[PDB]
């Protein structure tokens, strides 16, 4: 609970670090990824990696001082999976290794429980075409059909050694459903003066929130059915910059501050006039570049990578990294009781998210970040 807790802190530090990277690449567009999905995958590779490559992974992923990492991931995973049968959620992680890598038995048993079905050995080399056909159809079942051809044109070839694949989706169903008869077409500001049409969901109810005056913004927790996962929307009080209005929020964002800005302990319930845009974001990235910038160098290098504890084969190194994520937000949710008259016995604040905002979907039980993104526009 404390040996794990150090991990969620590392996983969150890395999440922000990679978020800040993916934001500079698309300074005015949407962002979306699963920090957890990626950390678990790169966490598995760290068991096969040695020397410099291993220290490089612990440095970038912050495992620097988190004992029993594989077990900590063993838990999150069992939680998220157990959750995938309740929620309309699915988070598939998979590290595909080429047979030409006689995987040492220790590595195979060492990571058999912590990383269950997340390690698969295929034949990219001699059977590239049949393999891809397998992976494509495989991931398609595991994501209930949400991901048809997880593999791109040139994502894998005769030379693919190791392959990371993260495919996750999630259709949100809140604890306090939105009434479709209250959703209406309205503008969504993309910058100081411009707007784009959007289906705005409107509701008035008790939500945990607060104000971060340091970044002149507001935080709010929108929990999902039976509070298992919660969405935290961080919205500026107004668009005050030459772009999205998230310039100052992003400049001050970091592992430390983020932890403070989304701390539920410091925020308290309030009758909120809630209006968040109805949306469906489906982004697919290639963290390869953003990852080198953070520190991972050797892991992708076929000349300096050191995956001793995995295979003795050479010319082996993390080849590709496929990361696809689809998040849809609607009015679907359960029903909820509302205190007698939260008019005078509760603050009547209002969170109108009609302009760019950053958000994270947290796994309340472990505080881990499952989904992380930015909504710059539709």
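Positions refer to the first chain, counted from 1.
Here 27-35 and 61-69 are compared by their mean Cα B-factor, and 61-69 comes out higher.
In this entry, 302-310 shows the higher mean Cα temperature factor of the pair 302-310 and 71-79. You'll see in the entry that, of 207, 174, 188, 147, the Cα B factor peaks at 147. The entry lists C-alpha B-factors for 327, 322, 339, 351, and the highest of these is at 339. Compared with the other modelled residues of the chain, the Cα B-factor recorded for residue 295 ranks in the highest third. Per the deposited record, the Cα B-factor of residue 84 falls in the highest third when ranked against the other modelled residues of its chain. Ranked within its chain, residue 261 lands in the middle third, by CA B factor from the PDB record.
When the modelled residues of the chain are ordered by C-alpha B-factor, residue 194 sits in the middle third. Per the PDB record, residue ranking by Cα B-factor puts residue 200 in the lowest third of the chain.
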